[PDB]
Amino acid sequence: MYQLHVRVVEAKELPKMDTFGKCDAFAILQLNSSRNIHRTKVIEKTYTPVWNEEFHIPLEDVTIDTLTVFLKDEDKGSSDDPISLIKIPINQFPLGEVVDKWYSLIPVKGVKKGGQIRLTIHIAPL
(Lines of atoms letter the chains of each structure in order from A and count residues from 1; the text may use other names and numbers.)
(Lines give C-alpha, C1' and ligand atoms only; values in the text may rest on other atoms or scores of the structure.)
Protein backbone atom coordinates (compact mmCIF):
# COMPACT_ATOMS: atom_id res chain seq x y z
CA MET A 1 0.00 0.00 0.00
CA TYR A 2 1.10 3.55 -0.83
CA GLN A 3 0.24 7.11 0.16
CA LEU A 4 -0.03 10.16 -2.10
CA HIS A 5 1.66 13.35 -0.89
CA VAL A 6 0.16 16.37 -2.65
CA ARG A 7 1.17 19.96 -1.96
CA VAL A 8 -1.35 22.40 -3.41
CA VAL A 9 1.17 25.20 -3.87
CA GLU A 10 -0.40 28.04 -5.82
CA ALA A 11 -2.41 28.99 -8.88
CA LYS A 12 -2.29 31.73 -11.48
CA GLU A 13 -4.18 33.13 -14.48
CA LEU A 14 -7.51 32.54 -12.78
CA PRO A 15 -10.65 34.04 -14.34
CA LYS A 16 -12.52 37.00 -12.95
CA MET A 17 -15.41 35.46 -10.97
CA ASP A 18 -16.71 38.67 -9.30
CA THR A 19 -18.00 41.80 -11.03
CA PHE A 20 -15.88 44.08 -8.82
CA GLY A 21 -13.40 41.56 -7.40
CA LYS A 22 -10.98 39.03 -8.79
CA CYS A 23 -11.32 35.42 -7.63
CA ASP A 24 -11.83 33.91 -4.16
CA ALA A 25 -10.32 30.55 -5.01
CA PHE A 26 -10.00 27.29 -3.10
CA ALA A 27 -9.05 23.82 -4.33
CA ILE A 28 -10.62 20.42 -3.72
CA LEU A 29 -8.74 17.14 -4.13
CA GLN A 30 -10.65 13.93 -4.83
CA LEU A 31 -9.10 10.52 -5.43
CA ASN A 32 -11.17 8.52 -7.96
CA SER A 33 -14.84 9.14 -6.94
CA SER A 34 -14.04 8.69 -3.25
CA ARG A 35 -16.45 10.11 -0.69
CA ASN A 36 -13.38 11.43 1.17
CA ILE A 37 -12.17 14.76 -0.23
CA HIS A 38 -9.66 17.39 0.83
CA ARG A 39 -10.00 21.16 0.60
CA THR A 40 -7.71 24.20 0.88
CA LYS A 41 -8.54 27.48 2.53
CA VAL A 42 -9.97 30.29 0.41
CA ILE A 43 -7.56 33.02 -0.63
CA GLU A 44 -9.70 36.12 -1.08
CA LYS A 45 -9.59 38.63 -3.94
CA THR A 46 -6.56 37.43 -5.91
CA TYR A 47 -5.69 35.91 -9.28
CA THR A 48 -2.48 34.33 -7.87
CA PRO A 49 -3.41 32.50 -4.66
CA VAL A 50 -0.69 30.72 -2.68
CA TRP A 51 -1.94 28.00 -0.34
CA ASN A 52 1.23 25.92 0.09
CA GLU A 53 -0.83 23.20 1.76
CA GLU A 54 0.28 19.57 2.00
CA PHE A 55 -2.20 16.67 1.96
CA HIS A 56 -1.82 12.92 2.52
CA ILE A 57 -4.21 10.68 0.57
CA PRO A 58 -4.25 6.87 0.84
CA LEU A 59 -3.97 5.24 -2.59
CA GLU A 60 -5.82 2.13 -3.77
CA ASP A 61 -3.86 1.40 -6.98
CA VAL A 62 -0.82 3.42 -8.10
CA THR A 63 -1.54 2.66 -11.77
CA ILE A 64 -5.26 3.26 -12.26
CA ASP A 65 -6.03 5.79 -9.50
CA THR A 66 -6.84 9.34 -10.58
CA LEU A 67 -6.53 12.60 -8.66
CA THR A 68 -9.17 15.15 -9.67
CA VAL A 69 -8.29 18.70 -8.66
CA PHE A 70 -11.20 21.12 -8.60
CA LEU A 71 -10.90 24.91 -8.46
CA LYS A 72 -13.93 26.70 -7.03
CA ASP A 73 -14.92 30.27 -6.22
CA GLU A 74 -16.21 31.26 -2.80
CA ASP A 75 -19.33 33.20 -3.68
CA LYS A 76 -21.19 35.42 -1.25
CA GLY A 77 -24.45 33.47 -0.99
CA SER A 78 -25.23 29.92 0.04
CA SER A 79 -23.20 28.27 -2.74
CA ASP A 80 -19.79 28.24 -4.40
CA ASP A 81 -19.38 28.38 -8.17
CA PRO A 82 -17.16 25.90 -10.03
CA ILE A 83 -14.18 27.29 -11.94
CA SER A 84 -12.32 24.38 -13.49
CA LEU A 85 -10.88 20.94 -12.90
CA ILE A 86 -8.19 18.57 -14.09
CA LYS A 87 -8.03 14.78 -13.90
CA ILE A 88 -4.47 13.62 -13.19
CA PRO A 89 -3.60 9.93 -13.76
CA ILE A 90 -1.50 8.69 -10.87
CA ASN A 91 0.39 6.29 -13.18
CA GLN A 92 2.37 9.29 -14.52
CA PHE A 93 4.30 9.56 -11.22
CA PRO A 94 7.25 7.17 -10.80
CA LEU A 95 7.35 5.69 -7.32
CA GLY A 96 9.21 7.78 -4.75
CA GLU A 97 10.05 10.66 -7.09
CA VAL A 98 9.03 14.24 -6.28
CA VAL A 99 7.35 15.97 -9.22
CA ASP A 100 6.75 19.76 -9.01
CA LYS A 101 4.70 20.89 -11.99
CA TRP A 102 2.07 23.29 -13.28
CA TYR A 103 -1.21 21.85 -14.58
CA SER A 104 -3.67 23.54 -16.95
CA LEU A 105 -7.22 23.26 -15.61
CA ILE A 106 -10.21 22.82 -17.90
CA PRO A 107 -12.82 25.56 -17.31
CA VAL A 108 -16.49 24.76 -16.85
CA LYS A 109 -19.11 26.06 -19.26
CA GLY A 110 -19.38 29.83 -19.08
CA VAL A 111 -15.94 30.30 -17.50
CA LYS A 112 -13.53 31.67 -20.07
CA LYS A 113 -10.22 30.38 -18.67
CA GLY A 114 -9.49 27.63 -16.20
CA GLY A 115 -6.21 28.82 -14.71
CA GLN A 116 -3.05 26.87 -13.90
CA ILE A 117 -2.34 25.17 -10.55
CA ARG A 118 1.07 24.14 -9.22
CA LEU A 119 1.18 20.82 -7.40
CA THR A 120 4.13 18.97 -5.88
CA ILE A 121 3.37 15.25 -5.78
CA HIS A 122 5.21 12.14 -4.75
CA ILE A 123 4.12 8.56 -4.12
CA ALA A 124 5.54 7.12 -0.92
CA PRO A 125 5.27 3.77 0.88
CA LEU A 126 2.81 3.94 3.77
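All residue numbers are counted from 1 along the displayed sequence. If you superpose the two forms and keep the largest set of C-alpha atoms that fall within 1.5 Å, you have the rigid core.
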property: Of 47-55 and 74-82, which departs more from this form in 6 other deposited structures of this protein by CA RMS after core fitting; result: 74-82
property: Segment of greater CA departure in 6 other deposited structures of this protein, 114-122 or 17-25, core superposed; result: 17-25
property: Higher-B stretch (mean Cα B-factor, as the entry records it), 22-30 or 58-66; result: 58-66
property: 43-51 or 82-90, whichever carries the higher mean Cα B-factor; result: 82-90
property: Relative C-alpha B-factor of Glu74, binned into the chain's lowest, middle or highest third; result: middle
property: Ranked C-alpha temperature factor of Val8 among modelled chain residues, by third; result: lowest
property: Record-listed C-alpha B factor of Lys16: chain third; result: middle
